[PDB]
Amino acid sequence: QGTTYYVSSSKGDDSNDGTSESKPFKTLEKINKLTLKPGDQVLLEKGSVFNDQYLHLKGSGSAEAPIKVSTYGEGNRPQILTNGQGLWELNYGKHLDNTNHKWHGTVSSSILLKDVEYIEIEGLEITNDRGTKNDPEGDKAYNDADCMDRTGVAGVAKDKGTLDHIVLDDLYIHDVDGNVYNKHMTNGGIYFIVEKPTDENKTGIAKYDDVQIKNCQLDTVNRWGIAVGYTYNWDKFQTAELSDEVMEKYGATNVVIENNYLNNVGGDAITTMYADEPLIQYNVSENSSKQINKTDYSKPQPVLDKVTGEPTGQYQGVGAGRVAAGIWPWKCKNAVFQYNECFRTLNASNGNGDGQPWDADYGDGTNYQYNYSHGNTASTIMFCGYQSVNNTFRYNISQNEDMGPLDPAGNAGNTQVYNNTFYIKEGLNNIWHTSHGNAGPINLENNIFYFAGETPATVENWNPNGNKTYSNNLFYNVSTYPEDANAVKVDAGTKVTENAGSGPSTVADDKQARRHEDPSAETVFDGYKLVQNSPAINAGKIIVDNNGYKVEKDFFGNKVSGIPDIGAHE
């Protein structure tokens, strides 16, 4: 079933019928005119270049016959170079969680999927660069507060109830030069939002089910890298605990973000929003928060009318929203982050109020497990504020962050950090964030605290706000110890791991996450494996995960049962 269409910037004529390679279309405007149907295909010729063009699709596939957008022929990825074209009217239909977040306006999107479901897009190169001749904003400054929002791929659910099955696979998205500031317009590489339906009684509550972003490479996109799920129904999630009933009715179900690479992201690299049990795995980010600094992020944003969303004449402090983390969830239920790498989340020293690789933000049941991080400008993990609850941070490896590993920034409830290995760079003399206050509780068990340096590190306060508990941790090369009745205290020169501090400082040449889930793997992380007679061996306690995540395995995929070793390796 369905019709295959062909488009060639090279060979095509828009007066052709576009249904054979011999008679292809010339411009994407021909596809934009169609109402697409189950089994339909849109094949862009390799070597093609669609300058000042865009795909704004209409129609929908079926579960058995999705629409496919893909390639034919041979040569370079077909290129969609939108250059500030592809205009459409974004309108959430009501203000967002902060009345200052912009929620209506004209947006430029290279690809727009608005109420298109059962669709798969693969193999394309996409840009939305501000640097060309006929660019609608001409020589407007890249960091003006009223620069138009820009997307590589924008998704909108609104007037078709639950949208099912949107797949973006192997897209190369670069030079999306969006608004430097705006968090919740479709503004950055890939951004999926949910708008208030015209008539919710008629079409049903708008939400997503089955959204797969996989094998994509993003470079120099702003503000967001990949964001999925910001919804008009944000006001249905204002409790600390998030019910399965709220999440299934209003939240994004079956969201998988996997095997993506991101470089030079202006703000946050990857964020799931209002998502029920999202899976975020095998992603690599480096050099994110590129524009979260006092040079780029330098112009004030308007105060918006709490009803109309129109500027009031008032302006915010330039610092508003001048924060970003690497790969993290917002108002998700039982989000799992596993097998990710995050390097150099930038700019905590020049106006980024955050800069952590990992941020268990407001939400319920976040589990970070079997992740690696290096050279981030803030602490390895933030637990953010009084609605960040039921947190598990386990079997992760962290080295050479520009702060100590822990940022419990006023988090609440059950917070468990266990079986991690933290390589703390020389001269930090702390395990805590340097300004967020460290007021929230943590239950700290079975962790390696490995202090690099020629002299023992000092830690002035092991128990800020009095609500830190410790059991069965290992402390290497530090001059004092917390209240841990089962502490393993280790002096400089006693080996604990094979080559502590020898984790990678850079992404793989092929930009893929280095797998470590089968313990027959030799990996670039093997310097964190325990030596024969390591003082970590058999010194941990059996963990009870009070968030309901049973202990299964270590960082490396070794089964864990009985009395565990201290740290990320069994």
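One-based numbering along the sequence shown.
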Task: Stretch exceeding the other in mean C-alpha B-factor - 215 to 223, 202 to 210 - done: 202 to 210
Task: Between the two ranges 77 to 85 and 411 to 419, the one averaging a larger CA B factor in the entry - done: 77 to 85
TODO: Among the candidates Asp149, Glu483, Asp276, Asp361, give the one with the maximum CA B-factor reported in the record.
DONE: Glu483
Task: Candidate residues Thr494, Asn233, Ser285, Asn429, the one whose C-alpha B factor the record puts highest - done: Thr494
Open item on the list: Going by the CA temperature factor in the PDB record, which third of the chain does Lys249 belong to: lowest, middle or highest?
Closed with: highest
Task: Modelled-residue ranking by C-alpha temperature factor, third containing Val116 - done: highest
- [ ] Comparing against every modelled residue in the chain, figure out the third that the C-alpha B-factor of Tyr549 lands in (lowest, middle or highest).
- [x] middle
Task: Ranked C-alpha temperature factor of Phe555 among modelled chain residues, by third - done: lowest
- [ ] Would you mind ranking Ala568 by its C-alpha B-factor against the rest of the chain and naming the third, lowest, middle or highest?
- [x] lowest
